[PDB]
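Have a look below at one chain only, the form deposited in one PDB entry, in structure tokens format.
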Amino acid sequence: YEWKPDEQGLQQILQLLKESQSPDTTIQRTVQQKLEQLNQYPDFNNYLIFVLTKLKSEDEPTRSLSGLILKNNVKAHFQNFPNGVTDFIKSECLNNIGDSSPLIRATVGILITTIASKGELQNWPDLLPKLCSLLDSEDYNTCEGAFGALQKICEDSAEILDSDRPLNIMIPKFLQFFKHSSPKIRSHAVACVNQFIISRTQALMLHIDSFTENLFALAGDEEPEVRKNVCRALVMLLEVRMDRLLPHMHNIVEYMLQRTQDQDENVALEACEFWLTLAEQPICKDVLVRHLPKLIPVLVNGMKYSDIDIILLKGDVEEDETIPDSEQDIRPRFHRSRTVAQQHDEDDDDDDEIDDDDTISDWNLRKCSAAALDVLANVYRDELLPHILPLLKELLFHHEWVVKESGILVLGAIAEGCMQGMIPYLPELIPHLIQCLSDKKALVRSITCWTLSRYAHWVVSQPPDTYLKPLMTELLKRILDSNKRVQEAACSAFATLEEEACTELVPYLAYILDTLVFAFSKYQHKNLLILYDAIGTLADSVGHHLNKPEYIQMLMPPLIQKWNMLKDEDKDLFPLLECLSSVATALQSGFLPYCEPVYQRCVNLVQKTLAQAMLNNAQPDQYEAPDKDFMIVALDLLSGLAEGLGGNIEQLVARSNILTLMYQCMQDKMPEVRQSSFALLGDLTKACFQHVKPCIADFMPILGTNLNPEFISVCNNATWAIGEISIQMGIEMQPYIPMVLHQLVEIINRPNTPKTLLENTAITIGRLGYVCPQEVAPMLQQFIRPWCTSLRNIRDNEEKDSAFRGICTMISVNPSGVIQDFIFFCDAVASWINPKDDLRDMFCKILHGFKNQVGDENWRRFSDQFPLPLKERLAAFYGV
């Protein structure tokens, strides 16, 4: 009669809570937060679990009895308890405990509080934690059903416990019980307890390891139901201290290589995945006998499901090549400021693994057969070669696609580890795959592509017509027509085929080119972006070779077409400009009949972005925030023109204000911009120093300030830029040595510094020294070691050449500064294949210098203990 006309008010607030909408929202939020003041009713208007359910609604009551209730934990978590400490109010609900069954749903809608109201009152670990045992083995069938009331809480222990020697020696005699509740016929009662009787750490890592019985009491504990045998097959292959597995181990692998097979897909994933977790070596002593015991099942998983096949086939049916690409399918793309680097012969992994943007979504089994098979070339190699052929021999024609595909996949799936040994059959497979590409197996051509390329390296390191000519012929037919899925797999592949053949494609240019040029007329947005990338790659590979009227004349028109079509805000500019940026460098001077506007666009973009920034900084309300990426891309393209046109760009620069735009960019508050400008100052310095020189007194100190390894990439380009500047101005460099030399010698000896930064630093120090021997020479013993160690691995070229001219020069001014480490230099010298006679004669002197230091016999003997190649090169430089 008192709070009775009020409780029938919650039966009303739940008729708005449950069925909530905009009004009820911002409106009911008042009534719900005004009933937290007259707290003489909530402490009562809560028991409403078997009161409100057992009153009117069901779904609605549970939304307060299980609903609003939980919102009080917030009133105890956020309070420290001085509010409501009351133990009746505490035991009033700690009494609802023995009410585990009023509609199994509501049979837990309160049991999570038993975790909350224990984390905000952890002490007192026994008045409530008494139900622990006071219901523990109670689930042994003792309520509505047997467990359908007692079990509807046994699980509420897994949650309250795991989700929440003080008391380390008390709980042991309780958690050992859980092993019991296992052979029960009930699902929950089996698993609910089980997977939970496996969440182990250190809090009481006792009964655990000692159990070799819960190994076989489970090594046979198959599907007590279904949704459990999975969380079971989740724990065995879930451990680190495999001291006890070592024993029962040649069975776990047997009662597993099949539990990953159990038809219920969800299980196999929890198995296969958690299974092939081949950590350290010992995990392959077993895989030895397991060569045939798994390379049939996994292989037979390497095929798509009937549905992952459905979800695919969608945009598979070659007839979408004319369907526009949705804007919601254009993954955001950015521009990374160019980093000036060196080359190391035919020697990626530290760049391509930074882009696992897809696989992270579709985690079926297929992305785990091969995904776990990612060990049979990481742990061992060519071990699988034998026996797999017949699998992949029939597979390559057996049945329809699903299987053929699983074959063409596995093939490429292994080449990066089982290569050499595979190379043997390689001369027969390859010309075949080249057939697959020509099928009608749309989703098969895809992997035919990715696979061919997967190991085309070989096809290139072979005779032409044999197959590097036909491959590049059918691969190209795929670049076109087909479905868009094919098109991508196509290009991306060929894209790699290029980077490989580098300069060997030159013969079949006109051809390759017309394939690409036609694509621009058939490709959709999504693929067009890869088309751009393709071309830029082709250009980087072929080199100046691309500079010929016939080629240029058919490649530009399509690019110009795009160029005039994009707003200065369209992100496609990145791919397009990045492409150009390349092409422009390959056409060297041959791009002239195009540079003025390319140049102009860049300068203007930098000019617009710099402004857009300031305006946005001051009036965020009015002007939007510019994306500095357009500066970086433009800066990088100007840096590309200057390299290709080099010198011919003199005029353009003179009538523009890049030099002014430099002060602005080298001073920008964003690293990448700063990084790109330096790459430019460097190239400009090579092309038209005449125009830079006047600002050297300004710029120099700026660069000095940027030799801060706090942003290596910026440091890297500033370093290289100082190197090219010192060469353009000889001894007139003398005065700027102090504000640079120290930081350089510091970096060259800086731990954990990236190769490229050490190579440039080495090179620049070389140059400064080549210009001011007296100035840098006295400090030779402070860098000569990292200097050699570093430069010995760089390709001969202009840069390596100047650097050695400088060291050689300094060595003469201060021989004593290198004698001690004379073996380091020798190796560095012997890394040269063919050097200019000029420099070759400086080597000769320094060497004879060393001979004079150790004596004819020591030098004879030393000189001889070199592996053949070096041995001869050294001989050739020395002139007895």
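In this text, residue numbers run from 1 along the sequence as written.
There is another form of the same protein, the form deposited with a partner chain bound; it is not shown, and what comes next is about it.
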| note | Answer key: of 501, 121, 530, 444, within 4.5 Å of its partner chain in the deposited bound form (heavy atoms) is 530
| task | Select from the listed residues 257, 505, 131, 489 the one whose heavy atoms reach within 4.5 Å of its partner chain in the deposited bound form. | result | 489
| task | Choose one stretch from 738 to 746, 79 to 87, 558 to 566, 369 to 377: the one whose residues place a heavy atom within 4.5 angstroms of its partner chain in the deposited bound form. | result | 369 to 377
| Candidate spot 8, 44 and 97, all three in 4.5 Å heavy atom range of its partner chain in the deposited bound form? | no
| Is residue 588 close to its partner chain in the deposited bound form, meaning a heavy atom pair under 4.5 Å apart or at it? | no
| message | Under a 4.5 Å heavy atom criterion, is residue 780 part of the interface with its partner chain in the deposited bound form? | response | no
| message | How about residue 401 - does it come within 4.5 Å of its partner chain in the deposited bound form, if we only consider non-hydrogen atoms? | response | no
| field | Heavy atom of residue 450 within 4.5 Å of its partner chain in the deposited bound form | value | yes
